[PDB]
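> My sequence and its experimental structure, below.
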Amino acid sequence: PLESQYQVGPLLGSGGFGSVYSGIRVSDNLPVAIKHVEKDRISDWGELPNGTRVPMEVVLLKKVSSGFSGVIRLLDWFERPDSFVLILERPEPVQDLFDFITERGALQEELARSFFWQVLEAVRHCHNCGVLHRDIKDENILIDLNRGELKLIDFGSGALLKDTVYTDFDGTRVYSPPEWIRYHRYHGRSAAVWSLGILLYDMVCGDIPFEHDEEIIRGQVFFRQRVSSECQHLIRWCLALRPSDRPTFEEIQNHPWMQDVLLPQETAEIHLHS
Ligand SMILES: O=c1c(O)c(-c2ccc(O)c(O)c2)oc2cc(O)cc(O)c12
């Protein structure tokens with residue numbers, strides 16, 4: 001087989017998620033993203049059904065890879081002496097939500113509703129597959145600008161979903177809940193809802209609501225942009241200080257602010273000018 005099945009293109013990005021390059025599967029010109037991850041920098045390892053040591057990221061991706069398009073799919077992976085190479089889907093054209101928000105500022109509520117709904121559907125799919133992302137944020141969401149479809153990326157801080165407490169976390173701090181800040185303890189679902197509240201605020205205000213630990217613990221949300229009362233209400237519910245006071249995914253999707261969502265294709269035609 002060998003890495004020769006792909007043609008490497010420009011470097012797309014680099015950070016705590018490794019180095020990701022644009023690529024093309026040679027056998028059928030399929031667009032792909034090629035992620036290199038150094039073995040030394042992988043902290044959380046897992047096991048494949050057959051007893052092979054792979055990055056947790058590979059285990060989680062396999063569990064969420066199938067028909068549904070709300071998550072970027074793992075097409076293949078390789079092991080090198082000092083690294084792992086993951087071959088992932090690559091929509092074209094695409095822009096991550098962080099760059100999209102940097103360029104356009106705060107999003108109209110109609111656009112934030114379509115986007116947020118799609119993130120909720122993707123997170124539900126991950127949880128239904130027994131996977132917790134633990135790093136939901138704008139930088140980890142890609143927008144397929146032609147189809148108006150959002151795709152979750154970088155499962156490198158994720159874990160298998162469980163009903164017991166998590167005492168470890170290596171995702172983004174400014175998106176982490178007060179219970180992790182103060183006690184180093186959180187439950188998967190409620191911590192995810194907290195990050196979804198941070199993300200929703202980020203979408204409708206153009207920036208995250210909290211920067212310091214003190215602000216997260218206090219949980220007081222100030223709106224810097226004009227935002228409807230219903231949206232503000234949903235945000236404040238997602239950012240409730242007590243985990244049990246937060247909405248479940250069902251309660252979020254049945255909220256009045258979430259009604260009459262646009263389909264992804266309508267979303268692109270009206271807001272992505274495509
Ligand atoms: O298709 C793409 C993709 O999958 C990824 C990706 C996947 C997993 C990661 O962990 C990550 O950091 C990036 O980035 C991209 C960046 C681009 O500019 C354009 C793309 O088409 C992709």
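Thanks, I have the structure now. Numbers count the residues shown, from 1 in each chain.

> Tell me who's in contact with the closest residue to the ligand within the stretch 101-250 of the chain.
Taking CB to the nearest ligand atom as the measure, the point where the stretch 101-250 of the chain comes nearest the ligand is residue 154, at 3.4 Å. C-betas here are computed from N, CA, C, even on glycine. Shown in contact with residue 154 (CB atoms under 8 Å, 6 or more residues apart in numbering): 17, 135, 140.

> What about the closest residue to residue 146 other than its chain neighbours, how many residues nearby?
Closest residue to residue 146 in three dimensions, ignoring its sequence neighbours and counting by CB to CB, 6 or more residues apart in numbering: residue 274, at 5.2 Å. Residue 274 is surrounded by 13 other residues when neighbours are defined as other CB atoms under 10 Å.

> is it true that residue 274 touches residue 143?
No: contact criterion CB atoms under 8 Å: residue 274 and residue 143 do not qualify, at 10.6 Å.

> before we move on, the earlier item: where does the residue of the stretch 101-250 of the chain closest to the ligand sit: helix, strand or coil?
When the structure is split into helix, strand and coil by DSSP: H, G, I helix; E, B strand; the rest coil, residue 154 lands in coil.

> Got the phi and psi for it?
According to degrees, to the nearest 10, the main-chain angles of residue 154 amount to phi 50, psi 90.

> now the one 5 residues further on
Here the main-chain torsion angles of residue 159 (degrees, to the nearest 10) amount to phi -160, psi 160.

> Can you get me a residue count around it?
As a burial measure, residue 159 scores 21 neighbours (other CB under 10 Å).

> Test my guess that it contacts residue 166.
Yes: Residue 159 is in contact with residue 166 according to CB under 8 Å; the separation is 7.1 Å.

> intersection of neighbour lists for these two?
residue 188.

> related to what we said a few turns ago, where's the residue nearest to residue 146 relative to residue 193, distance?
The spacing between residue 274 and residue 193, counted by CB to CB, to the nearest Å, is 31 Å.

> cool, residue 6 as well?
As for residue 6, its distance to residue 193 is 38 Å (criterion: CB to CB).

> All good on my end, thank you.
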